[PDB]
Every structure is written in C-alpha cells, then in structure tokens.
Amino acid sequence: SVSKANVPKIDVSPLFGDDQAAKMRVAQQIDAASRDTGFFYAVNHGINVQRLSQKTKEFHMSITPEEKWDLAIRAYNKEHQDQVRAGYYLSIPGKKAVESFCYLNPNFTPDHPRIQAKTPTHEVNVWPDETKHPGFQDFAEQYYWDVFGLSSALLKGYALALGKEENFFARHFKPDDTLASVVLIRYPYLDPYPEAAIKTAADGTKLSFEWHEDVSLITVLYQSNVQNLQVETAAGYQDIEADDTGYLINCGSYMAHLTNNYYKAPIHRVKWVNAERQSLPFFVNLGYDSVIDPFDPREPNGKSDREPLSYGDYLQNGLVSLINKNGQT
C-alpha cells in the first residue's frame, strides 16, 4: 500500500545526433513526462555508470577522518571560510548518517575572472592527496564533463518540447562559466541505526531527507539499485522505482519559473532505508548572469506575468533556503 509512480524510460540517444524528426519524437516524451509526475529515466545515455559507482565506492571507503577535516566545508570547519559549497560534508555518528563530497566546475581556477572578483557561489575545488587516492581527481573531473555532455543533450530535448529552438537553454550552459555541481553522497548501513538520524513524515513514513523542490534548472541523478525516492501526486506520495542503469531526470524550480509552472518542479523526498548505497546528483545550473525571459506555453501569445530572474540570484537564495528548511547535509 504505497504504489509506484509512472516514471517512463526514454531513449535519449537521438538528442546526440542530427535526425531532427527523431529528436522531436524524444521531445514529445519529455513533454509528456514533465506534465505527469515530473520524472523520467534517461536510457541509452552513453555514460559508464558502473565505473562511476566503482570509483566513487573506492573513494568513500578509503577516506579517513583526518582527510575529512582537511577537506571540510565551513559548516564543519571554521578555518575554511571560502568553502561554502565545495568540499566534504561530514557525518555525525549517532546523529547524522549521511556524508558527501561536492565539487564544482573544474575551470574555476585561481585565475578565473569570477574567482578573482570573489563573486558568490563560485569557489576553487579542493581535492584529497593524489598518493592516497590515485586517479580520483582526474576521474572526477572527466565525469563532470561526461555528465555535462549528457545534460546539454537533455536541455536540447526540453527546449524542443517547449516549442523553442534546440539551443534555447544550452546556449546559457557553458564550460567556462556553469555553476553546475556534482555531489558524491554516501548513505551508510548502520546497526543499530540511530533514531536521531531518522525523520518522520506527517503520513508516518520514515525519512532521510524531507520534502522539497530542487534548486536547479534540471537534475541528472545516478543512484544505486535500492529504492528510496518518493514523489507527491494527486494520490499521495508514490514510490519511484530504482534503475541503476539509467539517469533519473526532473525539473528544478528555475524551470518552473521560466515556464509559469507548465513544467512544475516536482515535490519529492528521500525515504529512510538501512542500506549501504550511493546517490550521485548533477545539478544543472546556468551562469551567474544568465537570464531567460519567462514565458507561458499554455497562452496563445506565450506571455507570462513573471519577471526575469538571473541564475546567480536564484541559486544563492535557493541553496540557503534549502539549508534553512531541511538542514545542513
């Protein structure tokens, strides 16, 4: 008595090519999914997810407490005042089970103009010692570009779905300046599992992370094959099936803003499961000054009474608000 949500599997391979009629047939599927539950699995994506999972497991199981403090974001280590987003997010044994590592655009180097200007939401990534984690930084940086490619293709499908030219979103999603992030999250098996680390929903469901809409344009997520996510629907919360061969895709609240809620940002939550598993989201964020004029695909003239919002303003407000609502992660 918690039924499964309709989450279609869509073959996105035409989005990488030049068959325009085939791309329109993919765009139709994206439209349908975005108007129903808001979630779909992208299949035939070209990314080696098994390897991704293996490399990530090797990192999570070998990092030590010393390394974690040395990489910690400022919420856990006061000496690291520049690390708001990038770094290690520690667990608190007996109180908080989850732990994670976040990194941003590898092009945000010490000489990048936005780093020199000290613009909010831009940081230089921190990495563990190469001899303790051979090949990890290089793997993680190449993964960023692999998922960036998949995301650009997906944004082509969303633009066509909405009646726009294929580069409508993608032209604002650029290697030199995207604020996109990867998060490598570890959810542990624990015996006993501390009650303090388990939250409870109004409907009685045990949770690891409460209800929310994503802070993103779209979210491109790989998870282990253990069911955990739920989406709010007409008929209550419904289970999203796991599939550790595909990427789970949904719209974030910036997409909802731009489309006047034609494509809603679905409300979803993370169930508590006592299992050792991985959750590896890529948050598709645009540039700091990117602005798309809002429109409404349900209106004849397509006009909307929403005002333009720059991406940088959206993102900094969003990330802080999500911490205030659902806690530091």
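Rigid core (definition): largest C-alpha set, two forms, superposition within 1.5 Å. One rule holds for the numbers: they count along the sequence shown, beginning at 1.
Asks: Say the other structures are aligned on the rigid core; which stretch then has the higher CA RMS in 9 other deposited structures of this protein, 233-241 or 121-129?
Replies: With the rigid core fitted, 233-241 is the stretch that strays more in 9 other deposited structures of this protein.
Asks: Averaging only over Cα atoms, indicate whether 238-246 or 224-232 has the higher B-factor in the PDB entry.
Replies: Taking the mean B-factor of the alpha carbons in each, 238-246 is higher.
Asks: Please compare 284-292 with 298-306 and say which has the higher mean C-alpha temperature factor in the record.
Replies: For C-alpha atoms only, the mean B-factor is higher in 298-306.
Asks: Highest Cα B-factor in the PDB entry belongs to which of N48, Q28, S34, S62?
Replies: Answer, based on the entry's C-alpha B-factors: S62.
Asks: Can you tell me which of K132, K156, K164, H112 has the highest Cα temperature factor in the record?
Replies: Among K132, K156, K164, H112, the PDB entry lists the largest C-alpha B-factor for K132.
Asks: Hey, what third does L160 fall into on Cα B-factor, ranked over its chain?
Replies: It falls in the bottom third of the chain.
Asks: Of the three thirds of its chain by CA temperature factor, lowest, middle or highest, which one includes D191?
Replies: Highest third of the chain for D191's C-alpha B-factor.
Asks: Which third of the chain does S181 land in by C-alpha B-factor: lowest, middle or highest?
Replies: It belongs to the lowest third of the chain when residues are ordered by C-alpha B-factor.
Asks: Grab the CA temperature factor for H268 from the record and place it in the lowest, middle or highest third of its chain.
Replies: For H268, whose C-alpha B-factor we compare with every modelled residue in the chain, the answer is the lowest third.
Asks: Which third of the chain holds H172 when residues are ordered by C-alpha B factor: lowest, middle or highest?
Replies: Its C-alpha B-factor belongs to the middle third of this chain's values.
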